[PDB]
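# A closer look at the structure
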Amino acid sequence: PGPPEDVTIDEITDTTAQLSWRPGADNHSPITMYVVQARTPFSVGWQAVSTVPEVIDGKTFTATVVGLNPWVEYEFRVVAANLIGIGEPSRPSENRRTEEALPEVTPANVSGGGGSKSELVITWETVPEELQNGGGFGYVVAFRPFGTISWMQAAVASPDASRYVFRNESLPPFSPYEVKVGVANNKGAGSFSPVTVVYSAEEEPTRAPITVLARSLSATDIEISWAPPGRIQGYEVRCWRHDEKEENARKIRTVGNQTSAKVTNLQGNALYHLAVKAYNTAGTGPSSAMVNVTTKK
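Rules used in this analysis
- Residues numbered from 1 in each chain as written, not as in the entry; some residues may be left out.
- Heavy atoms only, no water.
- Salt bridge = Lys/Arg side-chain N within 4 Å of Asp/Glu carboxyl O.
- Helix = DSSP H or I, 4+ residues; strand = E, 2+ residues; numbered from the N terminus.
- Buried < 20%, exposed > 50% of the residue type's maximum accessible area, 1.4 Å probe, protein only.
- Domains from an automatic or database assignment.
- Pairing = 2+ DSSP bridges.
- Axes fitted to C-alpha atoms, helices over the stretch in contact; angles between N-to-C directions.
- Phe/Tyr/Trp six-rings, centres within 6.5 Å; stacked < 30°, edge-to-face > 60°.
- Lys NZ or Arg CZ within 6 Å of the ring centre and 35° of its normal.

- This entry, as listed in the PDB, derives from X-ray crystallography and reports a resolution of 3.20 Å.

- The protein chain carries the name Contactin-4 in the PDB entry, which gives Gallus gallus as its organism.

## Points about the pattern of salt bridges
- With the rule as written, the count across this model stands at 10 salt bridges.
- When the shortest N-O distance is used, the salt bridge between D6 and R22 registers 3.6 Å. Here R22 lies in strand β2 (residues 17-22) and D6 lies in strand β1 (residues 5-12), a separation of 16 residues in the sequence.
- In this structure, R253 and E236 form a salt bridge, with 2.6 Å as the shortest nitrogen-oxygen distance. Pair noted here: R253 is in strand β22 (residues 250-253) and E236 is in strand β21 (residues 234-241), with a separation of 17 residues, a long-range link.
- Given a relative accessible area of 45%, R253 falls into the partly exposed group.
- Taking relative accessible area as the criterion, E236 reaches 8% and is therefore assigned buried.
- By sharing partners, the salt bridges in this structure join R241, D243 and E244 into a single network.

## Observations regarding the domain arrangement of the protein chain
- Segmentation of the protein chain into domains returns domain 1 (5-97), domain 2 (108-199) and domain 3 (210-294).
- Between the C-alpha centres of domain 1 and domain 3 there is a distance of 79 Å.

## Observations concerning the sheet that holds strand β20 (residues 222-227)
- One open sheet accounts for three strands, arranged β19-β20-β23; its pairing is antiparallel. Each edge of the open sheet carries a strand with a single partner, namely β19 (210-216) and β23 (260-263). Each neighbouring strand pair of the sheet contributes to a mean axis angle of 15°, computed without reference to strand direction.
- For β20 and β23, the ladder comprises four bridges, and the chain directions are antiparallel. Pairing of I222 across the sheet is with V263, part of β23.

## Some words on the packing of aromatic side chains
- Throughout the structure, instances matching the rule amount to 10 aromatic pairs.
- Three or more aromatic residues joined by ring pairs form one cluster here, namely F143, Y164, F166 and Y177.
- For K180, the ring lying beneath its charged end belongs to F192, and the centroid distance is 4.7 Å.
- One residue, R253, lies across the ring of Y279, its end atom 4.1 Å from the ring centre.

## So, the sheet that holds β1
- Spatial ordering of the open sheet is given by β1-β2-β7-β5, a layout of four strands whose pairing is antiparallel. The open sheet terminates on both sides in strands that have one partner only, identified here as β1 and β5 (50-52). Each neighbouring strand pair of the sheet contributes to a mean axis angle of 35°, computed without reference to strand direction.
- Inspection of the sheet shows β1 paired to β2 by five bridges, in the antiparallel sense. Looking across to β2, one finds that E5 is bridged to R22.

## Some details on unusual backbone geometry
- In this structure, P53 follows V52 across a cis peptide bond, with omega equal to 5°.
- Along the chain, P53 falls in the loop between β5 and β6 (56-57).
- One non-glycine residue, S118, adopts positive backbone phi at about 60°.
- Mapped onto the secondary structure, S118 falls in the loop between β11 (108-112) and β12 (119-125).
- Positive phi is not limited to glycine here, since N133 has a value of about 60°.
- Among the secondary structure elements, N133 is positioned in the loop between α1 (129-132) and β13 (138-145).

What follows is the structure in structure tokens.
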């Protein structure tokens, strides 16, 4: 058997396409069967497809291919079969894109967090092109503060996107948000991912430590304590000698709820200046008042 010719896509729908071929070299024994194979940007080589009629005899020359993927560029080719063997494939038809259809798949791994002041960061995994099922693909990000009713939809019109940031100066710091994302193309809208909870961005502490105490333990050691007045991971206390500039100040940081520290490796009979700030991940808050201590001799 030998290659058929003149493969054409007569009509095409969102899931089907009508094909038409003309028979070619059939060696000597008659043609008993025709099969259709398809190729896509996602296919490894040529792939078999379902057809109506379910089987294409040698006397049939048009069929509908069924079960195609919406909004995908398809190539087709037809292979003849003889009682002696399988023929050579025909040359591929011209590439045609299927019609549009609604999107069915929702983005994966919706999460987020972080960002600059007064922001809310939402992330997701981008939906691949084969599953976008239409042009004009985009994402719908719906969010609301935990315990509230009304939603807020933002449309992210880039199909390749995987991130959305909402900024507004009335945003509470490090606050919880219900978040879900969805998909939509030109035909309409898809469904939504499951609801997850994303926390807004965090700001540095707003108040400064109070009632700073400081006493010299030895010629090289100074003890310093304070009281706490939003989240606080610890405290940064800085310390610089009188003759040195504040820019270069020895800084050491508290981790935990402890409200004191010891500054060591100092010079004997020297005046030092110390103050302590609160800090979170966002940065250092305001500085407490300054205290002045001279080490022992």
